[PDB]
Amino acid sequence: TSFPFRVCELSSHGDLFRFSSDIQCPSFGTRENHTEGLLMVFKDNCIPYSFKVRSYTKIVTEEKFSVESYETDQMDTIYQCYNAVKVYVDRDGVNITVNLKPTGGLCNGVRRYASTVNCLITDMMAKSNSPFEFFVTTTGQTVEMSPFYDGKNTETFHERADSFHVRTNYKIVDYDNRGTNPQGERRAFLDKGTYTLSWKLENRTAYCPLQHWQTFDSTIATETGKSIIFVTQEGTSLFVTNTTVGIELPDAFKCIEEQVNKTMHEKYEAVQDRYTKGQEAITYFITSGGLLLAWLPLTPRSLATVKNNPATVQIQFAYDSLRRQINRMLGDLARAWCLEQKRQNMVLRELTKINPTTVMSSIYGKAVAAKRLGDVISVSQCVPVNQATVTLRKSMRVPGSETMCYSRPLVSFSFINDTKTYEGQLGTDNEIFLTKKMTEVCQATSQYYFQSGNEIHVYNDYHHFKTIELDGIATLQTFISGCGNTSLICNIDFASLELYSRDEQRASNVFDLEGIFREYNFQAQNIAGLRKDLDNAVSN
Amino acid sequence: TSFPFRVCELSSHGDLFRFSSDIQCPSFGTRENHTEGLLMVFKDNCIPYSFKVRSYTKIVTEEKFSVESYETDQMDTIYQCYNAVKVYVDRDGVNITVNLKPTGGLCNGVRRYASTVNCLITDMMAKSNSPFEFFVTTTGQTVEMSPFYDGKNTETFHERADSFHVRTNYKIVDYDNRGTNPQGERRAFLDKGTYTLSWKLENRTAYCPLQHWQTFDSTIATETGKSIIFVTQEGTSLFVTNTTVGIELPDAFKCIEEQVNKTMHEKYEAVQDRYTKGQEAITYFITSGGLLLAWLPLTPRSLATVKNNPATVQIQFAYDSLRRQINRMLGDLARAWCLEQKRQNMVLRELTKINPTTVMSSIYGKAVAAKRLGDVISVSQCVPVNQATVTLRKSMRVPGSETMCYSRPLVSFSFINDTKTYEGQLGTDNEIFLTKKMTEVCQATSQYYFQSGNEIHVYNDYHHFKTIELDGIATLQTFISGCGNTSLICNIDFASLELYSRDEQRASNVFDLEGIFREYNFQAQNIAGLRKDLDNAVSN
Amino acid sequence: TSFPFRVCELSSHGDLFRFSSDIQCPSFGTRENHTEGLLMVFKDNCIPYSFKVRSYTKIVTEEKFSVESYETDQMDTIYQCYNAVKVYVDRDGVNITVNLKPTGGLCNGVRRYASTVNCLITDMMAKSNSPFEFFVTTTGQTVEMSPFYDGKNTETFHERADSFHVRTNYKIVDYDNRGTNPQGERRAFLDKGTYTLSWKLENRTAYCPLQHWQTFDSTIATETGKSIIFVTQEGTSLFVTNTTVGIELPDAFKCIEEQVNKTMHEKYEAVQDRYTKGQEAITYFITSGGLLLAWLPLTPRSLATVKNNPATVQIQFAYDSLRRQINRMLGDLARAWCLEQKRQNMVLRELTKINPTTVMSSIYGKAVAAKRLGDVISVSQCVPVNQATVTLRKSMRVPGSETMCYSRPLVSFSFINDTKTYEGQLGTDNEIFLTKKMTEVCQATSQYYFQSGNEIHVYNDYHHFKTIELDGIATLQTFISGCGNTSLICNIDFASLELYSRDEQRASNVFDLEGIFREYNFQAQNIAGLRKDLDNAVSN
Ligand SMILES: *[C@@H]1O[C@H](CO)[C@@H](O[C@@H]2O[C@H](CO)[C@@H](O[C@@H]3O[C@H](CO)[C@@H](O)[C@H](O)[C@@H]3O)[C@H](O)[C@H]2NC(C)=O)[C@H](O)[C@H]1NC(C)=O
Ligand SMILES: *[C@@H]1O[C@H](CO)[C@@H](O[C@@H]2O[C@H](CO)[C@@H](O[C@@H]3O[C@H](CO)[C@@H](O)[C@H](O)[C@@H]3O)[C@H](O)[C@H]2NC(C)=O)[C@H](O)[C@H]1NC(C)=O
Ligand SMILES: *[C@@H]1O[C@H](CO)[C@@H](O[C@@H]2O[C@H](CO)[C@@H](O[C@@H]3O[C@H](CO)[C@@H](O)[C@H](O)[C@@H]3O)[C@H](O)[C@H]2NC(C)=O)[C@H](O)[C@H]1NC(C)=O
């Protein structure tokens, strides 16, 4: 499955996105003078430059400290360091050669080494996007420079110039290959006060700013005076061009010119029997969002020459009268689609307040850890756990609490290549939470169904009863079409009714957010009462 | 109204459904070679087998106990039982013949009888679905067998075989008809340790696995190599068939063969003037979701024979050129509909976390109690209350709390055929909650509008002011189209501004979930402070 | 920007709307006998009658009191009042002529004047809707009469008749123009016990009940026996008419007759070459929602006379066979649109529980303060603050709390024309909250991005780091199409993992509503434990 057992709440800081307010959907206005043509849509290119980075730090018990040049050489060559922080030493000892032992990193390709005072090394990935303004490490620390900054190149670099240096012919030793003496590299070093950071300088690579996105074989152009609106039959996509006369192609985009000549020729060749070219040269357009649109206008051949009114006039009139009706309908579909995207954006913005992790995982169709960092959402991979160790606990009653029960089953698991066993609670879709705070007052009778991939675990009275296939429980569609529409069963929790008849004040488990809201002001007044009573108890 | 006054939170466990992750929407790919034809869609049949069940239990003050065979005979014939639990007796008395009195059940057809130790009988419905793997009683107790299990039949039965027995020629007495001596039955008995359960064994009924769902009079079949995609013009429904050559009909489904011969002949007869049959026999297809699709391919007659280019060629070209364009548009509409259903499923999954009862009631268009039982939603009827007794309290200030007021109006009501009067708070759409915890700090001025079906109750200063028709308040659409778009009124709560200017720390009522979220961490730190201060007060 | 810095939570009571349950979408049923025609849709007219109102009150320390006729004359002419409340006087003094000083109102055109006992005047707007049943003042106080009630006119008036009077030739003085002696007016007075209210009686204006809404140039009418369903090609709008024979126009709507004659003639004149009129007179229809629909049926000219089968018959058959297919598709699009609106209404109803302010602001596309007043939503303008004074605080660590940090940046601001400086927290989209309760436990490392219009503020370690343009962070669409689809970075919060490995019980910041829900029952049990421990501490 694409949603394996995973811990997602450990994900600190990943790729950022924001919800676009003020999405604008055009009004077609005067809607005659449609013209057909090929549209190639080009999107800004993003290259995920992922590169291996070594982090060096001193941990002190908790203040942290960078590592100087002489000690980082000893770390990279011998994995030895010097037990002190510049002054106290571990166990209040004396400054001595202290040897780093290896330690598991939880991601693919992350390796930690850790020997009061503690030397620490972390091999880890960092990723950067096409503009190369910054790169984010697995720790979530962000560095405000290009990873290709050579120092002399004056490429984007906002950190302290004194903190950055580059050393040639640098030697680095692989921990289990200490005698192989690997080939030398050119390696950069950065001092951030909290930690030293080092990475290999790969001479910056070269790429073309625009990557091809879509080819729409027939599109309808509507000239609304200030803008051209392009309506695409494939999908329902709509493009608003802010200029009426197409711009000559900027030379930086000239890598496109071959691709457009090829795609236009290949696709026009399959269409020659139905259309003639309106222009000998492609017209280029730029959208406000920065998409480049390549437009080849085509004029349809009259049906007489496709390779009291007389028949031909009636046929051409009917054909043109229905083509225009289809074009109007496609335009209204594109406008409806634009408005629906505008409303989806708001719906997603609101659902992200309920749970960003699940919202994003549903958008992607794969497990992604999502964290709301104020007004931006960060998306990242979850921490994988090795699924052979994942075992649910058969009983979910809280040990040593006659009045408390777990509302989610306990899970025992181990991190990949980690011997230590950890315990947590099974969230939704094999998610594992490093918490045991999902508890509820033990009901006299309870039925709970928890889905763990292709199997559902059925718990009666907080004890594991059976495992059933997912097909044992109808999906929403099958439910509404099947016996979900029949006379629903009438249920009475007679125990709850008697309890309310005998103690109207009694507390009960909340089951939904709206119940939290309905209780909230009463609970806040209860807290205020606690505060006042405690202050009076202290005063007396 | 379909949303009468009701108590929904008493609903323990009803019909279960789950939100289907990984809904797959196909890509049409190579899109020529459309063919038209009739499509009959058949869906798996669900029969709601609802049957009357008698429950027997001993309640002890609270341990519960089943009832033996000799005492259940005395209950079913005389409604007498024996006051003891096998040992203590009610009022620490002595084992004696003790007579059950009748008691109201709150659902249609539920009747309770109840005389430390308490004999209890409950006539109640149980419902089961077409696979007959289990049946759920009104209490919410689920039994893991088919209600048609004859013991010897080896039909699905997972309970303890020692606990189940069947007795012939069993006699049962109706409480108010004790002299009528009803005809005998064959009745099954089950011991679940907590309770005995009994029901009449109706010889298992017979039915055909597939129920007809839809007939689509014209559909477009696209052969995408591995699958056939069926696009239906009525609605926007889409069906993905995992096989390219249609399977011969399984004999178990042969009940369909007459229905398909009839529907295909009846509907082709109205279409003969436009199409000819491509095949002499219907082709059957099965979807991954288990729908059976009956497909009659049709080939359209040329327009010449429907009962420099020459005219006929132009007419046929235009007709075929526009039919293909409509077919492409219908395919894109079906794909858009599939994606929109995929996104609706996520939206509903998230809104169910806000409030499943209201979400489900809106989906059904009728009052349904919905409870999230972990990862599955249970849907059931709400408990009806007799609407002649429902009276709102004219004042919603909390009695004996100068600083507290009710945020929802109080409701006095009686359960159907119950003399006892109960008091609660009016939730949304005539829902009644068995709680009075929806309270708020009394505002100096307040306006609240509560809708109770076709009338809105307007409360000024926590006192009932007037009742207005629902038409007195514009709907969202009428609002946005009417004066909602004008210059909105500018309001200043000057009292709130002065309060904040004079006590920046002062507490205020929360009005929405996002305000709960914004306060939550501060309230948690307040609770932690309470805990630390109380521990220090105890230590001193 | 349309979302300036603003305080929205001060908005007490504005225009009300409700979510329409039981939106009905028709079934087309028998679908032949389409007919084309022009449809004019007329909607009920709403006029926002906004008028200037003066409020008079005595504030007492806090009981409030109206002002008598002799003292209101002295307020309106000299802005003098008499320091007493009928008896105690400010500073326990003696009844004396006491002079009102001016004070800023926070809305455009609101002016307050305020000299134990405090005379108070408030010039403020009040707005009323077309039916003139009530008008709402800026304070949020609602008055149950028409503002055009002349006393003798017996126009809608539900307040106490003794409380209302009208005085001719009334003189009112402008505070800074005390010598100009403005022209007299006819002014009404109302005593509400809490406050006196006064406004100018402008003889009620006259208007026509129906305002033109839309003209749909081609629409499809389907006669479903009981109703006519109108499907409009522009947009996807659908109208259900409850009558099959159109009603003769009520005389009250006769103002429409000229507009319809003009629009029908102007639009038919552009269509004569394609259609002939089916009737010589427009047919009027009324929807259940009260829309008036003007219908001119048109019959299309045969293609022969638009100004073995023979060609003309084939051409007409093809044209009619495709027009019917387009009409069926438009009908299915209109039904899908109706169902989608029905589902949007539920989605919006649920999202309003998360945050009505943001939901409504997204619907309007402009900043609107929204407050849920039970089952109705009130919408109003937010209080503007003068944006030249808005300065974010560079540091968001809580002063004097080593363990607490602010989760939203602090904002210093001044109200328009107010010298006083106020401090609060920056909510979403330049919203300012008069609170400082959004706090969190200081994380060892934190990254937060807050958007403030066209700029994003980036805070590292609770200290302001940089400001970036909105284009520095990809929108959701650009994200999903760009590097958001690449291999996401794998992040480990190693500190969190160590903390959980060493103290499984440790508390953590909640980041979403579902985390509130997961913690809620455990926090409620913690509160209950606090209560029990405090009661035992008091008992001992
Ligand atoms: C603990 O013992 C280590 C043993 O290495 C001491 O490290 C030494 O630290 C000094 C500076 O305090 C280094 O001096 C350096 O010399 C190089 C030139 O070789 C120069 O480029 C540097 O800027 C610096 O002046 C020295 O190299 C370094 N290592 C050795 C081999 O002595 C460390 O200072 C002792 N102190 C603590 C904090 O316990
Ligand atoms: C309280 O008084 C009742 C009076 O009925 C006692 O019920 C009796 O219980 C015994 C078993 O303790 C029953 O014996 C049974 O005999 C039948 C055959 O007739 C056999 O099939 C059963 O397996 C069982 O051996 C007895 O029938 C039953 N009723 C009578 C009429 O005596 C009850 O035991 C007394 N005890 C308590 C718990 O207070
Ligand atoms: C404080 O001093 C003011 C000074 O104005 C007193 O106001 C006076 O109040 C009396 C009623 O208590 C007013 O009598 C009124 O006479 C008019 C006719 O001129 C009549 O229409 C009213 O119904 C009422 O009978 C009087 O006009 C008013 N002003 C003057 C100039 O004396 C006030 O009563 C003193 N008392 C308090 C509460 O401190």
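The record lists cryo-EM as the method behind this PDB entry and 3.1 Å as its resolution.

J.: Even after reading the chapter, I still don't get the interface of chain C and chain A, so can you show me in this structure?
T.: Interface size is often expressed as the accessible area that is lost when the parts come together. Across the contact, 90 residues belong to chain C and 103 residues belong to chain A. For the chain C and chain A pair, buried surface summed over both sides reaches about 8800 Å², with 62% attributable to carbon and sulfur atoms. Counting across the interface, chain C meets chain A through seven salt bridges. A salt bridge links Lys-436 of chain A to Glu-504 of chain C; its shortest N-O distance comes to 2.9 Å. Where chain C touches chain A, the interface holds 40 residue pairs in polar contact. For the side of chain C that touches chain A, the secondary structure elements donating two or more residues are helix 3 (311-354), helix 4 (356-364), strand 31 (447-451), strand 32 (455-460), strand 33 (463-469), helix 5 (476-481), helix 6 (494-502) and helix 7 (513-539) of chain C. Residue composition of the side of chain C that touches chain A, grouped by class: 44 nonpolar, 27 polar and 19 charged.

J.: In this structure, what is going on with the site of ligand 2? I would like to understand it.
T.: Residues and elements named next belong to chain B. By nearness alone, every residue bordering ligand 2 is listed as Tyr-70, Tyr-82, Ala-84, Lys-86 and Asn-95. For ligand 2, an oxygen atom lies 3.4 Å from a polar atom in the side chain of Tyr-70. A distance of 2.4 Å separates an oxygen atom of ligand 2 from a polar side-chain atom of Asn-95. Contact with the protein chains removes 34% of the 720 Å² of surface that ligand 2 exposes when unbound. Taken together, the residues of the shell around ligand 2 sort by class into three nonpolar, one polar and one charged.

J.: Even after reading the chapter, I still don't get the pairing of strand 9 (residues 111-114) of chain C, so can you show me in this structure?
T.: The two faces of the sheet receive side chains in turn, since in a regular strand these alternate between them. All names here are of chain C. Looking at chain direction, strand 8 (residues 102-104) and strand 9 are connected through three bridges and run antiparallel. Note on strand 9: the bridge partner recorded for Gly-104 is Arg-111. Count of turn residues in the strand 8/strand 9 antiparallel hairpin: six residues, of which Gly-109 carries a positive phi of about 85 degrees. Where strand 9 meets strand 10 (residues 117-128), four bridges bridge the pair, whose relative direction is antiparallel. Paired with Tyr-113 across the two strands is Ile-121, which belongs to strand 10.

J.: Would you explain the sheet that holds strand 25 (residues 391-392) of chain B in this entry?
T.: Each strand in a sheet pairs with its neighbour through backbone hydrogen bonds, running either in the same direction (parallel) or in the opposite one (antiparallel). Residue and element names in this part refer to chain B. Read across the open sheet, the four strands follow the order 25-27-28-29; overall the sheet is antiparallel. Each end of this open sheet is capped by a strand with a single partner; those strands are strand 25 and strand 29 (432-433). Bridge analysis of strand 28 (residues 421-426) against strand 29 gives two bridges, and the strand direction is antiparallel. Among the inter-strand pairings, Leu-426 is bridged to a residue of strand 29, identified as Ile-432.

J.: Hey, could you run me through the relation of the copies chain B and chain A in this one?
T.: Each of the two chain copies goes to the other by way of a rotation about an axis and a shift along it. Structural alignment of chain B on chain A gives an RMSD of 0.0 Å, achieved by rotating through 120 degrees and translating 0.0 Å along the axis. Overall, the copies show the geometry of a three-fold rotation axis.

J.: Could you clarify how one ought to interpret the site of ligand 3 in this entry?
T.: Residue and element names in this part refer to chain C. In the region of ligand 3, the neighbouring residues are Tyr-70, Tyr-82, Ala-84, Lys-86 and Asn-95. In the model, an oxygen atom of ligand 3 is placed 3.4 Å from a nitrogen or oxygen of the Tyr-70 side chain. One nitrogen or oxygen atom from the side chain of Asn-95 is found 2.4 Å from an oxygen atom belonging to ligand 3. When ligand 3 sits alone it has 720 Å² of accessible area, and the protein chains cover 35% of it. In terms of residue class, the shell around ligand 3 is made up of three nonpolar, one polar and one charged.

J.: Please clarify how the layout of surface pockets should be interpreted in this entry.
T.: The gaps of empty space that remain are located by a probe, the size of a water molecule, rolled over the atoms. Estimated volume of the second largest pocket: approximately 880 Å³. What lines the second largest pocket is a set of 28 residues, among which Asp-217, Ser-218 and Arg-274 of chain A together with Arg-324 and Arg-328 of chain B lie closest to the centre. When contributions to the lining of the second largest pocket are tallied by element, the ones reaching two or more residues are strand 3 (35-44), strand 16 (210-223) and helix 3 (311-354) of chain A together with helix 3 (311-354) of chain B. Examining the composition of the lining of the second largest pocket, we find that five residues originate from one element, helix 3 of chain B, more than from any other. Its residues placed into classes, the lining of the second largest pocket shows nine nonpolar, eight polar and 11 charged.

J.: What should I look at first to understand unusual backbone geometry in this one?
T.: Trans peptide bonds make up most of the peptide bonds, and negative phi angles are found at most residues other than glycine. The phi angle at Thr-154 of chain A is positive, at roughly 55 degrees, despite the residue not being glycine. Take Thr-154 of chain A: it is sitting in the loop between strand 12 (142-143) and strand 13 (164-170). A residue is classified by how much of its surface remains accessible, and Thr-154 of chain A, at 68% relative accessible area, is exposed. Its identity as a non-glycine residue notwithstanding, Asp-461 of chain C has a phi of 55 degrees, on the positive side. Secondary-structure assignment places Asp-461 of chain C in the loop between strand 32 and strand 33. For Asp-461 of chain C, a relative accessible area of 37% gives the class partly exposed.

J.: When you look at the UniProt feature "disulfide bond" in chain A in this model, what are you seeing that I'm missing?
T.: Formation of the UniProt disulfide linking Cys-25 of chain A with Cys-338 of chain A is confirmed by an inter-sulfur distance of 2.0 Å, under the 2.5 Å limit. Pair check on accessibility: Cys-25 of chain A and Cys-338 of chain A agree, each one buried.

J.: How do you make sense of the packing of aromatic side chains when you look at a structure like this?
T.: Geometrically, a pair of aromatic rings is defined through the distance of the ring centres and the angle of the planes. Enumeration according to the criterion identifies 78 aromatic pairs over all chains in this entry. Ring centres 5.3 Å apart and planes at 65 degrees place the aromatic pair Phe-135 of chain B and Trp-199 of chain B in the edge-to-face group. With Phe-135 of chain B in strand 11 (residues 135-137) and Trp-199 of chain B in strand 15 (residues 196-200), this pair connects stretches of sequence that are 64 residues apart. Each member of the pair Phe-135 of chain B and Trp-199 of chain B is classed as buried. By way of ring pairs, the aromatic residues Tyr-49, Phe-51, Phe-132, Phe-135, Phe-148, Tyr-149, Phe-157, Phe-164, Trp-199 and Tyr-207 of chain A are connected into one cluster. A cation over a ring is seen here: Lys-371 of chain A above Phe-511 of chain C, with NZ or CZ 3.4 Å from the ring centre.

J.: Mind showing me how you'd approach the interface of chain B and chain A here?
T.: In this complex, chain B contributes 105 residues to the contact, which on the side of chain A involves 91 residues. Summed over both partners, the interface of chain B with chain A buries about 8800 Å², with 62% contributed by carbon and sulfur atoms. For chain B, the biggest contributors to the area lost against chain A are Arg-18, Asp-375 and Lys-437 of chain B; these three give 9% of the whole. Between chain B and chain A we count seven salt bridges in total.

J.: Whenever I open this one, the pattern of salt bridges confuses me. Can you help?
T.: Side chains bearing opposite charge may pair, as long as their charged atoms lie close to each other. Residue and element names in this part refer to chain C. If you walk through the whole model with that rule in mind, you get 87 salt bridges over all chains. A salt bridge links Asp-332 to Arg-31; the shortest N-O distance between them is 2.9 Å. Assigned by exposure class, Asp-332 and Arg-31 land together as buried. For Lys-277, the salt bridge is made with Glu-280, and the minimal N-O distance between the two is 3.1 Å.

J.: Sorry if this is basic, but what is going on with the sheet that holds strand 25 (residues 391-392) of chain A here?
T.: Residues and elements named next belong to chain A. One open sheet holds the four strands; their spatial order is 25-27-28-29, and the pairing between them is antiparallel. Across the chains shown, the open sheet's two edge strands, defined by having one partner strand only, are strand 25 and strand 29 (432-433). Examined bridge by bridge, strand 25 and strand 27 (residues 410-414) share two bridges and lie antiparallel to one another. Of the residues in strand 27, the one forming a bridge with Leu-392 is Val-411.

J.: Sorry, what's going on with the state of the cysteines here?
T.: Among covalent bonds in proteins, the disulfide is the one between the sulfur atoms of two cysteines. Within the structure shown, the criterion is met by 21 disulfides over all chains. In this model, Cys-483 of chain A is linked to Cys-46 of chain B through a disulfide, with the two sulfur atoms separated by 2.0 Å. Between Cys-483 of chain A and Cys-46 of chain B the sulfur-sulfur dihedral comes to about -105 degrees; the bridge is accordingly left-handed. With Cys-483 of chain A in the loop between helix 5 (476-481) and helix 6 (494-502) and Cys-46 of chain B in the loop between strand 3 (35-44) and strand 4 (49-60), the pair connects residues from two separate chains.

J.: Looking at this model, I keep getting lost on the domain arrangement of chain A. Mind explaining?
T.: By domain assignment, chain A separates into domain 1 (6-45 + 208-352), domain 2 (49-200), domain 3 (385-487) and domain 4 (496-539). Distance between the C-alpha centres of domain 2 of chain A and domain 3 of chain A: 42 Å.

J.: Would you explain the side chain of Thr-283 of chain C in this entry?
T.: Within the secondary structure layout, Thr-283 of chain C lies in strand 20 (residues 283-286). Not counting chain neighbours up to four residues away, the residues in contact with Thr-283 of chain C comprise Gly-246, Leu-293, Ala-294 and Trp-295 of chain C.

J.: What am I meant to see in empty space enclosed by the protein here?
T.: Its boundaries defined by the atoms lining it, the largest cavity holds a volume of some 180 Å³. Listed by contribution, the elements that provide at least two residues to the lining of the largest cavity are helix 7 (513-539) of chain A, helix 7 (513-539) of chain B together with helix 7 of chain C. A per-class count over the lining of the largest cavity returns 12 nonpolar, three polar and no charged.

Reading the values: rules and limits
Residues numbered from 1 in each chain as written, not as in the entry; some residues may be left out. Chains lettered and ligands numbered in written order. Heavy atoms only, no water. Contact = heavy atoms within 4.5 Å. Buried area = accessible area lost by both parts, 1.4 Å probe. Salt bridge = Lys/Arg side-chain N within 4 Å of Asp/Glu carboxyl O. Polar contact = N/O pair within 3.5 Å; in protein donor to acceptor, adjacent residues only side chain to side chain. Helix = DSSP H or I, 4+ residues; strand = E, 2+ residues; numbered from the N terminus. Nonpolar A, V, L, I, M, F, W, Y, C, P; charged D, E, K, R; others polar. Near = heavy atom within 4 Å. Areas by Shrake-Rupley, 256 points an atom, 1.4 Å probe, with all protein chains shown as cover. Pairing = 2+ DSSP bridges. Least-squares fit on C-alpha atoms. 1 Å grid on protein atoms, 1.4 Å probe; cavity = no way out; pocket = protein on both sides within 12 Å on 5 of 7 lines; lining within 4 Å. Points joined across faces, edges and corners; volume = space filled by probe spheres on them. Buried < 20%, exposed > 50% of the residue type's maximum accessible area, 1.4 Å probe, protein only. Disulfide = S-S within 2.5 Å. UniProt positions renumbered as here; feature names shortened; annotations may be inferred. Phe/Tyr/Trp six-rings, centres within 6.5 Å; stacked < 30°, edge-to-face > 60°. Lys NZ or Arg CZ within 6 Å of the ring centre and 35° of its normal. Domains from an automatic or database assignment.

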